[PDB]
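Take a look at the letters that make up each chain.
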Amino acid sequence: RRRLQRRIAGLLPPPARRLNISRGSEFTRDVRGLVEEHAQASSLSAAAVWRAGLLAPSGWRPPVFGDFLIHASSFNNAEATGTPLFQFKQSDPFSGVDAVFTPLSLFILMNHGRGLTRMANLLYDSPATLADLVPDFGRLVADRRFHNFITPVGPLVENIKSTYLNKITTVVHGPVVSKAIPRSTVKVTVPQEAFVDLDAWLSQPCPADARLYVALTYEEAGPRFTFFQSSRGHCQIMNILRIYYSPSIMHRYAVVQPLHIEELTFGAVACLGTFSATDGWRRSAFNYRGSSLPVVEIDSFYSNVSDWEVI
Amino acid sequence: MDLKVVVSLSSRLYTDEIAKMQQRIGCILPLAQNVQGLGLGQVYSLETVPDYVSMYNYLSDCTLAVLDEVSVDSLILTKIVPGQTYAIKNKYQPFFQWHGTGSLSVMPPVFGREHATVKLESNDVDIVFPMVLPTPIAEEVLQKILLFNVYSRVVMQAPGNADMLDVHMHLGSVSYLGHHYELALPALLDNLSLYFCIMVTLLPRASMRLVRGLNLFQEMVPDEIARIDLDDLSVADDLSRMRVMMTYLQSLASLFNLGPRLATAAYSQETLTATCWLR
Amino acid sequence: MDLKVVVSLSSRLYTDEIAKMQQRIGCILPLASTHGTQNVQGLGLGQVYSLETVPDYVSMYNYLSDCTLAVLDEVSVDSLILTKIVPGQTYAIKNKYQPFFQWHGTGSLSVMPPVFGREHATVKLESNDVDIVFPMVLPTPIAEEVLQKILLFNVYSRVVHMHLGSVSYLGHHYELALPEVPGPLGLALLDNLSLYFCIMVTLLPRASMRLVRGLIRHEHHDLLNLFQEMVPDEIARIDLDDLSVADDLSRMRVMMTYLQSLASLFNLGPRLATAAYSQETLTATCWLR
Amino acid sequence: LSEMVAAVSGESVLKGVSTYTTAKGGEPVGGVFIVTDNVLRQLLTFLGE
Amino acid sequence: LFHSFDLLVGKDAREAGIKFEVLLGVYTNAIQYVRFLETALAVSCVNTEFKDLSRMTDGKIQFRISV
Amino acid sequence: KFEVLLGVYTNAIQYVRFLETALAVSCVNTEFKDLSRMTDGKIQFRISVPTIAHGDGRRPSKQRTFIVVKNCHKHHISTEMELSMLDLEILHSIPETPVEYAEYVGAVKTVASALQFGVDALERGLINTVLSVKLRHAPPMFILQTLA
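Residues numbered from 1 in each chain as written, not as in the entry; some residues may be left out. Chains lettered and ligands numbered in written order. Part of a larger assembly, values for the part shown. Heavy atoms only, no water.

Give me the overall build of chain D: which residues, what numbers.
When you go through chain D residue by residue, the secondary structure sums to 2 helices and 0 strands. Taking the principal axes of its C-alpha atoms as reference, chain D extends roughly 35 × 25 × 15 Å. A total of 49 residues make up chain D; the buried ones form 0% of that total. If you sum the accessible surface of chain D, you get close to 4,900 Å²; carbon and sulfur atoms cover 59% of it. (Helix = DSSP H or I, 4+ residues; strand = E, 2+ residues; numbered from the N terminus. Buried < 20%, exposed > 50% of the residue type's maximum accessible area, 1.4 Å probe, protein only. Areas by Shrake-Rupley, 256 points an atom, 1.4 Å probe, with all protein chains shown as cover.)

How would you summarise the interface of chain A and chain B if you had to cite specific residues and measurements?
Tallying the contact residues gives 18 residues for chain A and 20 residues for chain B. In this assembly, chain A packs against chain B so that about 1,500 Å² is buried in total across both faces, 61% of it on carbon and sulfur atoms. When the buried area of chain A at its contact with chain B is split by residue, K89, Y253 and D307 of chain A rank highest and sum to 35% of it. Joining chain A to chain B, the criterion identifies 2 salt bridges. Between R279 of chain B and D307 of chain A there is a salt bridge; the shortest N-O distance is 2.9 Å. (Contact = heavy atoms within 4.5 Å. Buried area = accessible area lost by both parts, 1.4 Å probe. Salt bridge = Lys/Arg side-chain N within 4 Å of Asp/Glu carboxyl O.)

Kindly report on the interface of chain B and chain C, identifying the contributing residues and their values.
Counting residues at the interface gives 67 residues for chain B and 64 residues for chain C. Note on chain B versus chain C: buried area summed over both sides is about 6,400 Å², and carbon and sulfur give 73% of it. Linking chain B to chain C there are 0 salt bridges. At the junction of chain B and chain C, the tally comes to 10 residue pairs in polar contact. Tallied by class, the residues present in the side of chain B that touches chain C amount to 40 nonpolar, 14 polar and 13 charged. (Polar contact = N/O pair within 3.5 Å; in protein donor to acceptor, adjacent residues only side chain to side chain. Nonpolar A, V, L, I, M, F, W, Y, C, P; charged D, E, K, R; others polar.)

Could you give me a rundown of the arrangement of the chains, with the residues and numbers involved?
With 8 pairs of chains in contact overall, the contact-richest pair is chains B and C. With no contact between them, chain B and chain E keep their nearest C-alpha atoms 20 Å apart.

Any chance you could break down the sheet that holds strand β11 (residues 292–298) of chain A for me, citing the residues and the numbers?
Strand pairing in a sheet is mediated by backbone hydrogen bonds. Such pairs are either parallel or antiparallel. All names here are of chain A. Reading across from one edge, β5-β11-β10 is the order of the 3 strands in this open sheet, with antiparallel pairing throughout. In this open sheet, the two edge strands, each paired with only one partner strand, are β5 (188–191) and β10 (282–287). Averaged over all pairs of adjacent strands, the angle between their axes in this sheet comes to 45°, without regard to strand direction. Of the strand pairs in this sheet, β10 and β11 are connected by 6 bridges, and their pairing is antiparallel. Across the sheet, the residue bridging to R282 is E297, located in β11. (Pairing = 2+ DSSP bridges. Axes fitted to C-alpha atoms, helices over the stretch in contact; angles between N-to-C directions.)

So, the side chain of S105 of chain A: which residues are in play, and what are the values?
Residue and element names in this part refer to chain A. Along the chain, the position of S105 falls in helix α4 (residues 103–111). Judged by its relative accessible area of 0%, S105 is buried. In terms of polar contacts, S105 uses its side chain to reach the backbone carbonyl oxygen of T102, at 3.2 Å. The contacts of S105, once residues within four sequence positions are left out, are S74, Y124 and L130.

Before we move on, can you summarise the pattern of salt bridges with the specific residues and values?
Residues and elements named next belong to chain A. Counted by the stated rule, this structure contains 20 salt bridges over all chains. Put simply, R17 and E37 hold a salt bridge, and the shortest N to O gap is 2.5 Å. In this pair, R17 is assigned in the loop between α1 (2–10) and α2 (25–42) and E37 in helix α2, connecting sequence segments 20 residues apart. A relative accessible area of 23% means that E37 is categorised as partly exposed.

Explain the nonpolar core residue by residue, including any values.
The biggest cluster of nonpolar side chains holds 200 residues, and the ones touching the most others in it are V141, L192, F196 and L262 of chain B together with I28 and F197 of chain C. Not counting the four nearest positions on each side in its chain, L192 of chain B is found in contact with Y52, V53, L142, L146, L252, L255 and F256 of chain B. In this structure, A99, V214, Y218 and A268 of chain A belong to the second largest nonpolar core, which totals 56 residues. (Core = buried A, V, L, I, M, F, W, Y, C linked by side-chain atoms within 4.5 Å.)

Can you tell me about the sheet that holds strand β4 (residues 69–76) of chain C, naming the residues and giving the values?
Residue and element names in this part refer to chain C. Read across the sheet, 5 strands follow the order β2-β4-β5-β1-β3 without closing on themselves; strand pairing throughout is mixed. Both edges of this open sheet fall to β2 (28–30) and β3 (37–39), since each of them pairs with a single strand only. Here the average twist between neighbouring strands, direction ignored, is 40°. One ladder, built from 3 bridges, connects β2 with β4; its direction is antiparallel. The residue bridging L29 from the neighbouring strand is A70, located in β4.

As structure tokens, this is what we get:
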């Protein structure tokens, strides 16, 4: 109880300042306390950094979390924390299982039917069960409605282990942080060969933040997943990716039949979240028991998933 | 912050009015404080013609509010901010399941005025709440009421080309995530339909002016029935046609942006609510 | 959270410049960086809108989309202080712009390139060789028709043009300057519109032509006044087909996605969602939409 | 009888001291079995003591 | 505190007891209590304390008007 | 007039401790005060297996030795204790009027009851999770009747 009282008493909001306008002698000591509060909450000392931890409840927002109920064979325990997960829409109304995908188990949903592929098939060796999770991949990519049945649910922050019927928790909206109050930062892990920086392909104003966009795109061999990092807005990166998708407008020209509406859409772009632009993405390497793939490490993520907008 | 907004009810509410306001307590509604223009009820009044586009522009202009508590004289409600979230519920009599959909659209209720309303006999106003529904259902009901308005006005003018049962078989039901709903298809929705009609009529000459602005690359992709219009038209008529067409195109594009698009995270089907923020 | 930029001058601001900047307090200014202390050479919209080159407004729209926005609260000697605009805070923005559009409807505002001219919002610093131009803040119903006039002048340079050159409002008509050439990125937006139209012309429906034919020959609405009682022949040769529902339903789904993509293309520049505008105090409590 | 005492005894508000003790054992008295006189005669040849 | 709630709730303060749970505001109406002497139509009437009205059984009072 | 309205309250609580129940017979409890920093646990048994020298020619098990490990199971116990800030801001003050001495100690009796229902909830959750550890590593009796 003494430990609990000493822990609650430090983690308490400071009381609001009163100015008794009515009385005379109380107003003087209250504005005395007011200037003694400002003078120790502004100057260079340890008092002004002591004041920042009280948080005075607009600036800080506890995020929302998504409790998802998944199968253990459709997931892997050995993955990193900050993997952006992609929930699949289920046709049955009372289902109970929300089939999510890490980018590697979704990369084996990409390639099985046609670096990243090595660690992908090292993490998810048998793809028949993962092709049995989705009821239709080839027809749904044939009519190109796969982008709306796949919704992103933000990066994983807590994975409680279970041998059957695993349960994961992702931040769907808000500042990406862990769930356990022994506090740590959830660094968003993105594999590098799917990650491209848009200034690199662009080859002048400083923003506030540099956002991260996923773009499920419909290449003619199969689907493709590419994580786009842009300092610009959403309706600006639609135009910028219209510039980037140069041979797609030639392919949609060279499939000249217009009544076949399948090749008239080329993927869709969804905004995942906002990390800071003054601190860029860090490169890192993620190791399995045998292999190591280079992985983009992204810190200070604020997840806010947007709709898929058609290129 | 302090966000509790109260509205000024003139007359005290009776028991059935309390029950009907309690029945839909979790839903959202716009805002203009006056109880007269409290929501969408001044467009859905008997005073004006129920025009869709002015209703949409009023719904996208003014702010929204989710109400928390109801009383005999007060209506506790919090308006919407872009900062934080509110827990909202699906309490609409056309029931659409919010199973796992990350987006919610706020549109005027096209399923009839009586379906989403509360009629206050004692007061001065009859309030309505807009439709909060998942966005593939939203664009699907926009398709199946727009094309039904077109295919209905066509068979009112000439019933020799199409069939009413043929359009009522498909254009009266939406099917999203295995749920099969029926559409109450009965005036309404005529100005939006004729706006779309004017757009797709003047879009041939619009595309011709655009491809003549900057050659056979963009002239191959029209088909032969889609290419031929003669090169004789007055300057003022062409300019006014292009200006009015592009005005209706911009309004129609921002209108098929479905307004205030809400986003949800955790839909709990046991309690029928989801954590909802403004996006 | 301190949200306050102190943009500092190198040289001394003269008294007439202090009066001209004190006349503009509360107006939107776009910044180069989001940090606490900046320089003037980089404040405002002048780095993209210069006197030496042609007024190209589409790159100014993407500049206003990308970079941050700030309101001007305090101007003094050697320094002028700005307040940034973040989501989650309500800001007071006063109407100090020279083509006066009255915000009576409390509609959503829009931040514009200075299409009406530079020299009324050019406000000039003779301390240091820089020109601060203030972006036009105005409601989006005016903004869509100004953007369509910008986009339509370039295609109607070839073939009455005073109607497209000026703006339409309820009370007054104001003159906005059009260039003879839009620029590279305006031509890119016109090119993307031309490709969108030349693709979507074949994905137009067939049933609404029967509506417009029977409505022209039957009942004149106020909206049916543009045709001057005339129908072309392209409508007829696409009405030599019979109507079905399946291909039209797939075509209307791809028409929904294409109209959403056009909504993405036309929506340029920042928009501000106003709440509780005061006409007598002439300021508006706004936040970023 | 023990099943009745177990099914009656649960949570109850407004508690206090051990009231109504006995004199021989000094144990607090849990409840009271209001019975008829024939059942009172029978519960002292069955229970016996 | 202005009552005797000691045996009702119990002796222990951690198990049971009293707690301030609402501060209700009531408004007692102020009523003017009038008297016959405080009111001002006592000017008209010279009022006396007879204290036993059964002692006067004759209803008629003899007036001796001297001119 | 503003009548202060008193209301009765009963902390319907039985104080259970883990060391007062007989479930702690089956546990060796230690108080590792910084377990929120431990990321893994280990315990190694090195079991030296003897053998029997035999007369007939057999391939002998030359000094077998098993080294096994057991990693610790780590599970957290979390309660959520609310505390109204109307009752909190009158704790930092001082009473000087009987209405403030009526409501200040009435807030003390609420926050102390919220603290002694937060420790009790953790003790009950500790007993519950010790019992759940015991039940998860409990094979049934019809299997252990012959496997043991």
